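Lettering of chains follows the sequences in order, A, B, ..., and the numbering in each one begins at 1. Heavy-atom basis, side chains included; hydrogens, waters and symmetry copies ignored.
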Protein chains: 2
Amino acid sequence: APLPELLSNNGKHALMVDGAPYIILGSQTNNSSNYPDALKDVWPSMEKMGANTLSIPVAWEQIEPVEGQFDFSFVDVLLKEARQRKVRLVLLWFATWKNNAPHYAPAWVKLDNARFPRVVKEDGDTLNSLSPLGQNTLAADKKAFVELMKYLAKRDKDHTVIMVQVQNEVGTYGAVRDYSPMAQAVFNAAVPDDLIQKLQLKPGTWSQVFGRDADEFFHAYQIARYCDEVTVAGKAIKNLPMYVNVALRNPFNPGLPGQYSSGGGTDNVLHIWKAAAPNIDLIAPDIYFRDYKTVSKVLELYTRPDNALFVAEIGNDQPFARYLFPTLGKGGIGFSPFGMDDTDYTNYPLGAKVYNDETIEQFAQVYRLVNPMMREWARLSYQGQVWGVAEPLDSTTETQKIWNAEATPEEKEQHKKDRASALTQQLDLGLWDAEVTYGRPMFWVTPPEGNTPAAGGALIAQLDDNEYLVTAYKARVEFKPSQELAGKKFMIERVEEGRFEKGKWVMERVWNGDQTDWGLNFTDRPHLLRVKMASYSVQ
Amino acid sequence: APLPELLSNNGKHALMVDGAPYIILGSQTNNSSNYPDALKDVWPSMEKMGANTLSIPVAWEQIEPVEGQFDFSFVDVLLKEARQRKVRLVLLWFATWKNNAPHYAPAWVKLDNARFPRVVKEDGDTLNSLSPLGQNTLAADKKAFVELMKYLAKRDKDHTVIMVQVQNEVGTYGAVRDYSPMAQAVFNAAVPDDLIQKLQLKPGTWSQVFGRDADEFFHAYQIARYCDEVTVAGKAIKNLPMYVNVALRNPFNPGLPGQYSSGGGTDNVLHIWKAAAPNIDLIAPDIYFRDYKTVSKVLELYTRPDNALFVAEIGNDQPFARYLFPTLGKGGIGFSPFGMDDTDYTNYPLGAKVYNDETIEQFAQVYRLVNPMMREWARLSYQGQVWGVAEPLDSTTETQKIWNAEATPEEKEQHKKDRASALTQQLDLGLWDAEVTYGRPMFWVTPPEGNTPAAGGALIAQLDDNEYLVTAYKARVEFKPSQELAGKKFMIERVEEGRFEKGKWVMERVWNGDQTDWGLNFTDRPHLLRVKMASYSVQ
Ligand code: NA
Ligand code: NA
Ligand code: NA
C-alpha cells in the first residue's frame with residue numbers, strides 16, 4: 001500500500017491514506033495510557049465514539065529507558081490491537097518537550113543537565129525546559145526517534161500508523177528564550193542567511209533584524225530547527241507525514257511570551273516556523289478555548305495555503321463537539337478530542353468534569369454524520385467545494401440568565417430578535433445559498449432560539465452546479481437562489497436520503513412534503529441528503 | 001503454622017499471622033448474630049466489604065447454658081464457614097462484662113447475686129454490674145473461658161481464630177467502684193506491692209496513695225486483675241493474642257467516672273491497666289465519636305510504645321471510613337467497623353441510619369486500597385516508616401451552611417482561604433515532604449474546598465531514601481524537598497502504578513504528564529503508586 005502523505009495543491013490539502021483523501025475522526029488518550037495494561041481502558045471509548053484513528057503517546061523514556069537499550073514492546077502490542085480493531089494510529093513522540101518540559105525523556109537525559117542543558121532565565125535561574133541549543137540533546141532525541149521509525153519501517157508495512165507528532169507542545173513557560181552563555185553567543189551572532197532570504201529581510205544580528213520580537217523569534221527559530229532535524233532524520237527512515245502541535249496563545253489577547261508557551265507555533269511565529277522547518281508537514285492547534293469566537297479565530301489562523309488544518313487536540317467537554325463542523329468546512333483533515341479513555345482522570349477545567357458514556361456520546365453523534373461518507377467527503381473537500389458551520393452562540397451563562405431575568409419586557413423582545421439573527425448563518429454555494437438556523441420546530445417558521453446546550457451544525461459539499469450533499473445536526477438548512485432570478489421561480493427539485501456503498505450513491509427515501517416545506521430539519525439522528533435545486537420559467 | 005502473636009519492638013508493633021505481619025481489615029457483627037442461623041446474614045456483607053477478618057461474639061450463656069454442660073456447636077459451624085470463605089476470626093468473649101453488665105452470662109450466673117455479686121453503690125443500692133472482687137465469678141468465667149480455649153486448641157490448629165477479646169467494654173455505669181463491705185475492706189487495705197513498685201510510688205492504702213483518683217483507680221485495678229487472670233488461664237491452653245476493648249470517655253471533656261464506664265481502660269487509667277494486666281496484649285479503643293479532632297486524639301492516646309493500636313470497633317456510618325488512614329498511619333494493626341450484617345438492626349445514632357449496600361461500600365472503597373498490598377504494608381509499618389492522614393474537616397453543618405450564605409463577600413473569601421488551609425496537611429518523609437489536599441480538580445491549582453461528605457485520605461510508606469509507596473482517596477498528594485536544596489532543582493523521577501504479585505512489584509503503567517503535573521490525584525478508585533523523587537544539579 002502506498003505511504004500516507006500530506007498533499008497541498010491550489011491552496012487546499014488532503015491527508016492521503018491508502019491512496020485517497022482521509023479524515024481523521026479521532027480520539028486521543030490521556031497522558032498515562034501509553035502502556036499495554038492501559039489499552040483495555042482505551043478501546044471501548046474508541047468503539048463507542050466511532051473514531052477511526054487513535055492518537056496515543058510513545059515516550060522516549062519507555063523506548064530507551066537505558067541508553068541505547070531499546071524497548072518497543074508497547075508499540076508491538078499497540079499495533080496489533082489497533083489492527084484487530086481496524087483503526088489507524090497517530091503516534092505522539094513525547095521526548096525533548098512535552099508541554100515545555102522533559103518529563104518523558106529517560107532519567108539519564110532529564111537528570112543530566114550538564115550533558116542536556118536547560119533554559120536559563122535572564123536573572124540566572126534555571127527552568128525545567130530543555131534548551132533547543134543543546135547539541136547533545138538533539139543528537140540523542142534524533143537517535144531514539146530514528147529507532148522508532150526503523151521499528152515502523154520493519155513492522156508496519158501496511159501503515160497502521162499514518163502520521164507522527166514530533167514532540168508535544170514545545171516551548172518554554174516562565175521565560176521567552178534561553179539566556180545561557182551558549183544561547184547568548186548565538187543570539188549575538190548573525191541571523192542565519194536562509195531565514196533572512198526566506199523572510200525578505202536585511203541581514204543582521206537577532207536584535208538588529210527583529211527588534212522587540214528578537215527573543216521570541218529566536219526561541220521559535222531554534223526550536224523549529226531542532227524539530228525539523230528530528231523530523232528529517234525520521235523521514236529518511238520512513239517518510240510518514242509529521243507535524244507539531246501548539247499550546248495556543250489567545251489570539252485576541254495573548255499576553256506575553258513565557259506566560260504562554262514561548263517558541264511553539266503560536267500565531268505570531270508561524271512565518272518563522274514555516275521558514276525554519278520546511279520538512280514538518282503542518283502545525284496543528286490544540287484547542288481548549290470553549291467560546292465560539294475564539295475557536296473560530298484559531299481555525300482561521302491555522303488554516304492557510306501553506307498549512308493544512310488538523311485539530312490535533314480539542315477539549316472533550318460537550319461544547320467542543322460542534323467544532324467538528326467548521327473544522328471540516330475549512331478543509332480540515334482531522335479532529336481529535338483529548339482524554340477519551342477511562343483511566344480515571346479528568347482534565348477539567350480544560351475538558352469534561354466527568355467521564356462517562358454521555359461524554360463520549362456528544363462526539364459519537366457528530367462522528368455518525370461523517371463516518372458514512374468519510375472518503376467521499378475527504379475527496380470533495382480536497383478537490384471541490386465544501387462548507388461547514390457550528391452554532392455560533394455559546395450556551396447562556398448563569399450571569400446572562402440573571403441579566404436576562406432583570407431585563408425590561410421591551411429589552412427581552414429585543415434580545416430574542418438579536419439572538420435569532422445571531423443564530424442565522426448564510427452560505428454562498430454558487431448559484432444557490434443556504435441559510436442555517438438553530439433551535440426551532442421542524443414545521444412552520446417561528447424564529448430560532450438556539451439549542452440548550454449549544455450544539456448544532458451543518459456540512460455541505462457541492463456535487464454539481466445545482467446539487468449538494470448535506471448533513472446537519474440540531475439545525476435547519478434552507479436553500480434559496482444566490483442571485484435574483486429574472487422572471488424565473490425556484491424550488492427544490494429533489495431531496496434524497498441515502499448512503500454511499502462501494503463509492504456509489506444508494507437512495508433510501510425521498511424527502512418531500514412536510515420534510516421539505518420548511519427547510520431541511522435535523523435533530524440528533526444522522527441523515528445524509530443529496531439536494532438538487534432548480535430554477536424554472538413561468539413566462 | 002506458627003501461632004499468631006503480637007510483637008512489640010523499638011516502640012513499634014506487629015500482629016504476626018502465619019509468620020508475618022498482618023492487618024485486620026475487619027467487620028464486626030451486631031450483638032445478636034452469634035448463632036448458626038444468623039451467619040447467612042453476616043457473610044454476604046463481609047464479601048461486599050472485602051474484609052479479611054470477622055469479629056463476632058461467643059457468649060458464656062451459649063457455651064455453658066447449664067453449669068458444667070458445655071456446648072460448642074456455634075463455634076464448630078463458625079470455624080467451618082469462615083474457612084470455606086478463607087477469612088480469619090476474632091472471637092469476642094461476652095461473659096462477666098458486656099457493656100458493664102452480665103446479660104450474656106448464663107442464667108445460673110446472672111440471676112444468683114449471692115454467689116456472683118453486683119457492685120453496690122455508696123448509698124447501698126445495687127447496680128447490674130458484677131463486682132470484680134467476686135471470687136466465685138472470676139473462677140466460673142475463667143473455667144468457661146478455659147473450655148473455649150481448649151476447643152480452639154483441639155479444633156483450630158491452623159489458627160482460623162487469630163485473636164480473642166476478653167470481655168466486652170468492662171466497667172460500671174452509675175458508680176465509680178464497688179462500695180460493698182467486701183470491696184470496702186480491700187479499698188481500706190494497702191495498695192498491692194506490685195502496683196506500687198511498677199508505678200514508682202510510696203506505699204499506702206488506696207486513699208493515701210491515689211487521693212481524689214482512689215475510687216476510679218481501684219475499680220480499674222480490680223477489673224484489670226480479673227481480666228488478666230482470665231487471660232492467663234486461657235493463654236496457658238492456647239497462647240493466642242488477647243485484648244480488651246474500651247467504652248471510651250471523651251478525651252477532651254470526659255465528665256465523671258460512672259457517667260462514662262468507670263474502670264475500663266479509659267485514657268486516665270491506662271497506666272493502671274498496663275501495670276495490673278501484663279498478660280493482656282493490648283487495650284483497644286471503641287470509637288463512636290464522629291468528629292475528626294476527637295477521633296484523632298483517641299488514636300494518639302491509644303498508640304503508645306507499650307500499646308499497639310487496634311480499632312476494635314468503630315461506627316459504620318460514612319464519616320468513619322476515612323479513619324482507616326490515620327489508623328494505619330500510626331502503625332495500627334487493624335480496624336473493625338461495628339454492625340456489618342443484615343440482621344435488621346441499626347445502632348443509629350452511633351452508626352448508620354440505614355443498612356444497605358451503600359453503607360458497606362463506603363468501607364469497601366477504602367479496604368480496596370489496602371487489600372492488594374496488605375502484607376507489604378504490614379511489614380513496612382512494623383519495620384519501616386509509614387504515614388496516614390484523613391480529611392481533617394468534618395462535613396459542613398446546616399448551621400455552618402446558613403452562616404456561610406449570610407456572610408459578607410470579604411468574609412466568604414476569608415472563610416474559603418481558612419478552609420483551604422485547614423484542608424492542607426504536611427508530612428515530613430525525610431529528604432522529601434508530601435502535601436495532602438482534599439476536594440479539588442485533577443488539573444491546575446485551584447485551592448481545596450473539601451469533599452462532600454468529608455471522605456478523603458492518604459497512605460504513604462517509605463521504600464528508600466527517595467522512593468515511596470503511595471495510595472490515596474479523594475485527595476491530591478504532592479511531593480517537595482524537605483530541606484532547601486542548594487543550587488539543585490528537583491522533580492519526580494518516576495511514578496509507576498502497579499501491584500504486588502508473590503511479594504514482587506509488577507508495573508502496570510507510568511503516570512506522567514497531566515497525571516503528575518499537578519500532584520498525584522486520586523478519586524474513589526484504587527491506584528497503588530511507587531513514587532521516586534530526584535534532586536539534580538543545574539550548576
Ligand atoms: Na453566489
Ligand atoms: Na525532613
Ligand atoms: Na525538613
Side-chain angles (χ1 to χ4, degrees), chain B residues 1 3-4 26-47 51-99 101-112 116 137 139-156 158-168 230-231 233-242 245 336 338-345:
Chain B
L3 279 167
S27 69
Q28 179 172 155
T29 66
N30 279 297
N31 286 346
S32 301
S33 299
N34 54 312
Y35 290 89
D37 188 74
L39 298 179
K40 65 176 181 321
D41 296 322
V42 174
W43 303 124
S45 290
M46 223 195 153
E47 153 83 347
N52 60 26
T53 311
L54 175 72
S55 289
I56 187 167
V58 177
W60 185 4
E61 69 182 341
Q62 86 184 301
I63 71 163
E64 201 182 8
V66 177
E67 186 171 14
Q69 311 296 320
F70 285 93
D71 180 356
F72 295 107
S73 59
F74 170 56
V75 180
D76 172 54
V77 169
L78 176 63
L79 289 168
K80 284 189 174 116
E81 293 189 12
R83 291 164 188 158
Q84 166 176 4
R85 281 143 210 290
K86 303 184 189 294
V87 296
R88 307 300 270 271
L89 297 168
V90 175
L91 299 185
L92 319 175
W93 177 229
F94 279 17
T96 298
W97 298 266
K98 192 291 186 192
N99 291 30
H103 294 295
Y104 286 84
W108 59 269
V109 176
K110 66 185 182 186
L111 297 174
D112 190 349
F116 299 118
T137 324
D141 185 325
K142 188 185 302 188
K143 191 196 84 183
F145 188 63
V146 162
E147 283 314 298
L148 172 60
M149 295 311 300
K150 282 183 182 169
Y151 192 83
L152 302 176
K154 298 164 155 135
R155 303 284 178 101
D156 192 26
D158 303 305
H159 325 303
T160 303
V161 178
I162 61 174
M163 187 160 64
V164 182
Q165 189 186 280
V166 178
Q167 318 297 327
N168 185 86
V230 172
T231 294
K235 280 180 179 270
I237 302 304
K238 186 175 186 180
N239 193 29
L240 289 181
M242 300 182 183
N245 64 321
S336 188
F338 183 88
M340 306 307 299
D341 68 39
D342 188 33
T343 61
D344 190 23
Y345 184 83

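- Residues satisfying the ring-ring contact (aromatic ring centres under 6.0 Å, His included) criterion with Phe338(B), sequence neighbours excluded, are absent altogether.
- Considering OG1 of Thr53(B) and CE of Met163(B), their distance stands at 8.0 Å, rounded to 0.5 Å.
- Here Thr231(B) pairs with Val166(B), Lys235(B), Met242(B), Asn279(B), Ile280(B) under the side chain to side chain contact (heavy atoms under 4.5 Å, CB included) rule; sequence neighbours left out.
- Take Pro36(B) and apply the side chain to side chain contact (heavy atoms under 4.5 Å, CB included) test, not counting sequence neighbours, and it matches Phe74(B), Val77(B).
- For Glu47(B), there are no salt bridge (charged side-chain N to carboxylate O under 4.0 Å, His left out) partners two or more places apart in sequence or in a different chain.
- Considering only residues two or more places apart in sequence or on other chains, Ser45(B) meets the side chain to side chain donor-acceptor pair (under 3.5 Å) condition with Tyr355(B).
- The side-chain heavy atoms of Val75(B) and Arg155(B), taken from C-beta on, include no pair separated by under 4.5 Å.
- A salt bridge links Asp156(B) with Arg83(B): the distance from a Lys NZ or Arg NE/NH1/NH2 to an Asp or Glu carboxylate oxygen falls below 4.0 Å.
- Considering CD of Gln62(B) and CZ of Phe70(B), their distance stands at 12.5 Å, rounded to 0.5 Å.
- Without hydrogens or angle criteria, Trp60(B) side chain to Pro102(B) main chain gives no donor-acceptor distance under 3.5 Å.
- In this structure, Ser27(B) has no side chain to side chain donor-acceptor pair (under 3.5 Å) partners at least two apart in sequence or on a different chain.
- Applying the salt bridge (charged side-chain N to carboxylate O under 4.0 Å, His left out) rule to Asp342(B) yields no partners; only residues at least two apart in sequence or on another chain are considered.
- For the atom pair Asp158(B) CG and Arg88(B) CZ, the distance stands at 8.0 Å (nearest 0.5 Å).
- For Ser32(B), there are no side chain to side chain donor-acceptor pair (under 3.5 Å) partners, not counting sequence neighbours.
- In this structure, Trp93(B) and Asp141(B) have side chains that are in contact, with non-hydrogen atoms separated by less than 4.5 Å.
- Proximity of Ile237(B) to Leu148(B): side-chain heavy atoms (C-beta onward) are nowhere separated by under 4.5 Å.
- Checked against salt bridge (charged side-chain N to carboxylate O under 4.0 Å, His left out), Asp37(B) has the following partners two or more places apart in sequence or in another chain: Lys40(B).
- Between the side chain of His159(B) and the backbone N or O of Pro4(B) there is no donor-acceptor pair closer than 3.5 Å.
- Counting heavy atoms from C-beta on, the side chains of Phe94(B) and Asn34(B) never come closer than 4.5 Å.
- Looking at heavy atoms from C-beta onward, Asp76(B) lies in side-chain contact with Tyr151(B) at the 4.5 angstrom threshold.
- A heavy-atom distance below 4.5 Å is found between the side chains of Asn31(B) and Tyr104(B).
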Pair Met149(B)-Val164(B), side-chain contact (heavy atoms from CB on, under 4.5 Å): steps then yes or no: CA-CA 9 Å; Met149(B) 295 311 300; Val164(B) 182; 4.2 Å; yes
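- Looking only at side-chain heavy atoms (C-beta outward), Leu91(B) and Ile56(B) come within less than 4.5 Å of each other.
- The salt bridge (charged side-chain N to carboxylate O under 4.0 Å, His left out) search around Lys110(B) returns none, not counting sequence neighbours.
- Between the side chain of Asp341(B) and the main chain of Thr29(B), no donor-acceptor pair closer than 3.5 Å is present.
- Remark: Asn245(B) pairs with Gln165(B), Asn168(B), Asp286(B), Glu313(B) by the side chain to side chain donor-acceptor pair (under 3.5 Å) rule, at least two apart or across chains.
- Of all non-hydrogen atoms in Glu81(B) and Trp43(B), the two that sit nearest each other are OE1-NE1, 2.8 Å.
- In this structure, the separation between NZ on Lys142(B) and OG1 on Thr96(B) is 11.0 Å, given to the nearest 0.5 Å.
- To the nearest 0.5 angstrom, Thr343(B) atom OG1 is 6.5 Å from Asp41(B) atom CG.
- Here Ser336(B) pairs with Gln28(B), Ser55(B) under the side chain to side chain contact (heavy atoms under 4.5 Å, CB included) rule; sequence neighbours left out.
- To the nearest 0.5 Å, atoms CD1 (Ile162(B)) and CG (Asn52(B)) are separated by 7.5 Å.
- Put simply, the side chain of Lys98(B) does not reach to within 4.5 Å of the side chain of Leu92(B), judged on heavy atoms.
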